[PDB]
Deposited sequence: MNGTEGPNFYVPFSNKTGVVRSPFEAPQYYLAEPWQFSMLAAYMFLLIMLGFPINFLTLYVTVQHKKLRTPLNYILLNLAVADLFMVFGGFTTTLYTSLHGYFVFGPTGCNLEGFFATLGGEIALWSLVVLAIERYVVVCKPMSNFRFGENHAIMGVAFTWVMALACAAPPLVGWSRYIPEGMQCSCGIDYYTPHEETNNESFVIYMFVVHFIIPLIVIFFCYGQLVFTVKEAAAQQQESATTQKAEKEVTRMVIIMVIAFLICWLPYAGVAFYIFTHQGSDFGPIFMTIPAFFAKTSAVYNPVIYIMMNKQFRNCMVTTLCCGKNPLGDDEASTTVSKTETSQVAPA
C-alpha cells in the first residue's frame, strides 16, 4: 500500500514501518520535518492577519458609503463576507492544526476546515459567474429594456450562496466527506478513496462538472459576448467613449478576478483530479500540501484586486480611513 487508509482518513505515507498514525489521533511529524509544520502555521497566521482586516475593511467601507450600491459593490461585499467565513470558520482551525501537527479537534475540526474553504472558493467561483453575466447584460444589453439593478444584486448574492452550499454542505451529511490532505493539516473533498457508503465517486464528478466546469462555461460564454461586442456589436450601441472608459475599468477588473481565480485554484484542481484518477498511486504529503495551502490565498486576493483596480472603491476607502477628506 502506497498510502494508509483508515476508517476516515488517507495518509499519503506507507505503513510498512508501522509509524503511520491517524491525523485525528496523533501528530504527523513522521510525514515531514516539524519546521515544515511551523511554516504552514506561520503561513496560516499571515493569511488570518491579512484576511481579517482587508475583508472587514472592504465590508465596513461598503456599508458606510451609500453610493456603493452597484452589482460589483454588492458582489465584492459578498466575497468580503465569504472570506471572513474562511478566515474565522476555517483558517483558525487549520492554523491550530498545523501547530499541533494534526486535527486535535478530530473530524469536527476537519469539517470546519474543509467546509469553509470549499464554501469560500465556490462563493468566489459563482460570484464570478454573476459578475460576468452582469457585465454581459450591462455591456451588450441583449435582453429587452431590462435593469440589472439593486434587486438583482441581492438575488445575485443569494444565488452564489445557494450554489456554493450545494457543493460544500452535502459532504457534511453523507455525500462524500471532508478528509485530511497532504501533511494532514488541511481538509478537502475525498478524492482519495471510493468509500461507496458516502458515494464518493459520484460527488467528485458532480463537483468538477457542476462546481467547476459549468461555471467556467458560463463565464467563457460571457467573455465571448464581450469580445464580440467590444468589437462590432458596440459601435452600433453608440457606447459613449466617456462611459466605456469607466465600464472598461470594471470589465478589465472582472477579467483579472477571473484570471486570479484560475491562478489560485487550478493547481489544486489538477492535483485533486489526478489523485482522483490515480487512487492508491504513490504520492507524498507534499503533493497536495502546496496547492491546497496556496489556494487558501483565495481568502485575500479579491479585496486587494478590488482596492487596486476600482478607483471609486479605493477613494472611498482612503476617505473612510482618513475620516472625511482623503464619500457616499
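A.B. asks: Where the model has no C-alpha, note the corresponding stretch of the deposited sequence, numbering from 1.
C.D. replies: Sequence ranges with no C-alpha atoms are 327 to 329, 332 to 348.
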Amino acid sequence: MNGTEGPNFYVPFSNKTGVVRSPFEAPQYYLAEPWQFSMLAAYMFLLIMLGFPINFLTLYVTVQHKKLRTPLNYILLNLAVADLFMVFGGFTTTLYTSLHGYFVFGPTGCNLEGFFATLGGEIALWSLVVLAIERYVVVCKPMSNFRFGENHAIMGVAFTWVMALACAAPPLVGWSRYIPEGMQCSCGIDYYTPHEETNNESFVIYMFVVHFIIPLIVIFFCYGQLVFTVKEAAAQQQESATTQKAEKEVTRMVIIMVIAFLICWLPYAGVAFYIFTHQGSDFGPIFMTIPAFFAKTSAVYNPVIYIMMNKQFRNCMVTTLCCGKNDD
From here on, numbers count along this sequence of modelled residues.
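The term rigid core refers to the maximal set of C-alpha atoms that superpose within 1.5 Å between the two forms.
A.B. asks: Could you tell me which of the two stretches, 110 to 118 or 246 to 254, has its Cα atoms lying farther from the shown structure in 4 other deposited structures of this protein after fitting on the rigid core?
C.D. replies: Farther on average in 4 other deposited structures of this protein: 246 to 254.
A.B. asks: Core-aligned, which moves more in 4 other deposited structures of this protein: 29 to 37 or 46 to 54, by CA RMS?
C.D. replies: Relative to the shown form, the greater RMS C-alpha distance in 4 other deposited structures of this protein belongs to 46 to 54.
A.B. asks: Regarding 61 to 69 and 39 to 47, which shows the higher C-alpha temperature factor on average in the entry?
C.D. replies: Averaging CA B-factors over each stretch, the winner is 61 to 69.
A.B. asks: Please work out which of 144 to 152 and 196 to 204 has the higher mean CA B-factor as recorded in the PDB entry.
C.D. replies: Averaging CA B-factors over each stretch, the winner is 144 to 152.
A.B. asks: Of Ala80, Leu112, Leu119, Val230, which one's C-alpha B factor is largest in the deposited record?
C.D. replies: Within the set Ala80, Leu112, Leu119, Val230, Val230 shows the top C-alpha B-factor.
A.B. asks: Say you rank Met163, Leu226, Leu95, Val210 by Cα B-factor from the PDB entry; which sits at the top?
C.D. replies: Max CA B-factor in the entry, restricted to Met163, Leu226, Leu95, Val210: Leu226.
A.B. asks: Going by what the PDB entry lists, where does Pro53 fall on CA B-factor within its chain: lowest, middle or highest third?
C.D. replies: Middle third, going by the recorded CA B-factors of the chain.
A.B. asks: Split into thirds by Cα B-factor across the chain's modelled residues, where does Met257 land: lowest, middle or highest?
C.D. replies: Lowest third, going by the recorded CA B-factors of the chain.
A.B. asks: Is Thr297 in the lowest, middle or highest third of its chain when residues are ranked by C-alpha B-factor?
C.D. replies: Within its chain, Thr297 is a lowest-third residue by C-alpha B-factor, going by the deposited values.
A.B. asks: Comparing against every modelled residue in the chain, figure out the third that the C-alpha B-factor of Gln238 lands in (lowest, middle or highest).
C.D. replies: Tercile = highest for this residue's CA B-factor.
A.B. asks: Check where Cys185 lands among this chain's C-alpha B-factors and tell me if it's the lowest, middle or highest third.
C.D. replies: Answer is middle: the recorded C-alpha B-factor places it there.
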